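The chain that follows stands alone, in the form deposited in one PDB entry, written as structure tokens.
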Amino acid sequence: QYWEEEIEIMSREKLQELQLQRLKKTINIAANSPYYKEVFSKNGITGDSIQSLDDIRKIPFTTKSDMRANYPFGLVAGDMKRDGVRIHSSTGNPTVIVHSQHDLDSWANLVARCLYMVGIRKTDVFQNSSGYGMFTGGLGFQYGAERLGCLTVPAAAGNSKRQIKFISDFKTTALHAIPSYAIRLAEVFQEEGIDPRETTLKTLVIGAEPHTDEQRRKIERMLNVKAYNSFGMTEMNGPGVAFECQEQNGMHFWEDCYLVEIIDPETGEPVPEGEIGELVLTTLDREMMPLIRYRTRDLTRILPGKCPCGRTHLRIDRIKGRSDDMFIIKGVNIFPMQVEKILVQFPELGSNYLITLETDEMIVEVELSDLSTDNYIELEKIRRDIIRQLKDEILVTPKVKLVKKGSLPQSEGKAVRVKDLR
């Protein structure tokens, strides 16, 4: 079942002419913003420059530095005073995105499309544990779930006792939470004397944080739910950008509203088909403030072949991480997902871990699991196996410490996996 079958299963040929029509429209609109008027002027970008989807490569990339330099409204193309109805924001000077009613409705429709794809219906009780206000996850899932017709529960962030009360009393069936907060809720259910596997919950929507497939499976087993990967960023509206189908194998990118490129961070050229590179995105249905070839700093790849769900829209792999998550120790580049890929395979460990960098030495603290009935000798042998598998993957020997369950701190938002004290 599809929210918009004509688009979701649209032929690649028809998708291409839709992308080209909307790419030309986006460029004509964006030409009215002070920023893209100047960019187009200096690079000879006119109304005749785009004749094919490949002609987008004539236009230079938009970086986060360019957006900071033109903060707050240098990239606003429309009439903000008359048609601008919302401002959202993403250390530093946060960037803002300005939306028109058109832009909000397009965003809401994409979120309803995503929720419907993973089996959520108007009969579902949808609870949003994302922060509201300026955070796109709040109003983003709120409008999308109301668009679909769910009985929504705008719980917002924190207060786990109240979250559990709403789930129990309102019979919540669909929940939006960051993966680490979903684990925290399952723990508070047990603390309050409720079996986290015997609630009314059926579907979880998890995003914002990089996480392994096994981290998601741990969440699924903990709460007896089906959990789906949700991709988004403020620059691209917020949620509803890319989402897993019921196949749970790659996130379908809505190519009617986004032009996806996977560029080599060194050369600035497209990577060979299916290789890892920087995700570079162009809005195709945004009017107040469109973004052209925006360098997301997110590393991923395009998963090949058509998906068994019948949707023609391309699938991206699990986000490897963001460029700013990468840390260097002893001249060697390491991503925290490399450390998680190893830790999740050990069932004696918990889901909370912390990487500390000191003067260079790398410390990997990871909480012990409650299920563990292991003694010192057997747990110390497991700790030795971890230092070893970490030395083989990250190519540096870290210090590994098995810590008490609950000893590591829990973040208000996205969990902080790296503490650089150098």
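The first residue of the sequence shown is number 1, and the count goes up from there. We call the rigid core the largest set of C-alpha positions that still match within 1.5 Å between the two forms.
Among the other PDB entries of this protein that were compared and that flank it with modelled residues, residue 338 is modelled in all, so it is never left out in a third of them. Checked against the other entries of this protein, residue 401 counts as resolved in every one of those spanning it, not missing from a third of them. According to the entry, the stretch of the deposited sequence that connects residue 359 to residue 360 contains 4 to 9 residues lacking coordinates, which leaves a gap of moderate length in the model. In this entry, residue 90 and residue 91 are separated by 1 to 3 residues of the deposited sequence that lack coordinates. The deposited model assigns a higher average Cα B-factor to 260 to 268 than to the other stretch when 260 to 268 and 236 to 244 are compared.
The PDB entry records a higher mean C-alpha B factor for 379 to 387 than for its counterpart among 379 to 387 and 64 to 72. Across 56, 39, 27, 395, the entry's maximum B-factor at the CA atom is seen for 395.
Comparing the C-alpha B-factors of 282, 352, 200, 95 in the entry, the top value falls on 352. Per-chain ranking of the deposited C-alpha B factor places residue 185 in the middle third. Ranked by Cα temperature factor within the chain, residue 154 sits in the lowest third according to the deposited record.
Among all modelled residues in its chain, residue 196 ranks in the middle third by Cα B-factor. Residue-level temperature factors show residue 336 in the highest third of its chain, judged at the C-alpha atom.
Compared with the other modelled residues of the chain, the Cα B-factor recorded for residue 301 ranks in the middle third.
Quick note: we don't show the form deposited in another entry, though the next part is all about it.
Once you line up the core between the shown form and the other one, the Cα of residue 408 ends up 2 Å or more from where it was. Residue displacement note: residue 277 has its CA displaced by under 2 Å between the shown form and the other one (rigid core superposed). An increase of at least 3 Å in the separation of the C-alpha atoms of residue 248 and residue 410 is found in the other form, compared with the displayed form. One change in the other form concerns residue 327 and residue 298, whose Cα atoms lie at least 3 Å closer than in this form.
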